[PDB]
């Protein structure tokens, strides 16, 4: 658990954005992206995932929040790893709360499997968070969530989900399927789905403008 890549608050952190990178990456690249759209009062924490064998690619080691066994909505999933990773994130959120940033001033999000982890954690934590930015991701362990509203703190959480229509790794179909299930677990009045023409398993600058909009609207300065 090395030091995350952090864009700190200029003065005192009154909100925080915890963002988790995709497969095989570190937090450094995304911290830079969030540095380019930061608000002075917001702390941007991009932790680094541990290197580990990934079943999908002949157990070649690379940074990974959990194991990837497949790429289909029907693929087998690493249930234990997903749940332990989620525990680690809630642990990381608890730390930021005991250090001065209330949970309802914290946004969780990520890219690909980082986003998937973001959705799973937000929807299973009794910690009330400010929102979720789920980029080019999916809902892990769909069939374990009941078919009604989740209840709990994040019944009414705001979710911004973004996907490219040319994504070869997480098909747009899989994101569309994820938002439909989302709209049955939380209040769909706060569920926004954003599609980006031509984007692949990537980000674009408009997607980052819409993420800034989302964060700035939900985490405004206290002063």
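Residue numbers count along the first chain shown, from 1. Rigid core (definition): largest C-alpha set, two forms, superposition within 1.5 Å.
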After superposing on the rigid core, the stretch whose C-alphas lie farther from this form in 4 other deposited structures of this protein, comparing 120-128 with 72-80, is 72-80
Could you check whether 156-164 or 24-32 drifts more from the shown form in 4 other deposited structures of this protein, using RMS Cα distance once the core is superposed? 24-32
Which is higher on average in the deposited entry, the C-alpha temperature factors of 92-100 or of 148-156? 148-156
Of 200-208 and 20-28, which one has the bigger average CA B-factor? 200-208
Highest recorded C-alpha temperature factor, please, choosing from 45, 69, 62, 177. 177
Which third of the chain does residue 122 land in by C-alpha B-factor: lowest, middle or highest? middle
Pull the Cα B-factor of residue 9 out of the PDB entry and bin it into the chain's lowest, middle or highest third. lowest
Lowest, middle or highest third - CA B-factor, residue 56: middle
Can you tell me which third, lowest, middle or highest, the CA B-factor of residue 170 falls into for its chain? middle
Where the record places residue 84 (Cα B-factor, split into thirds across the chain): highest
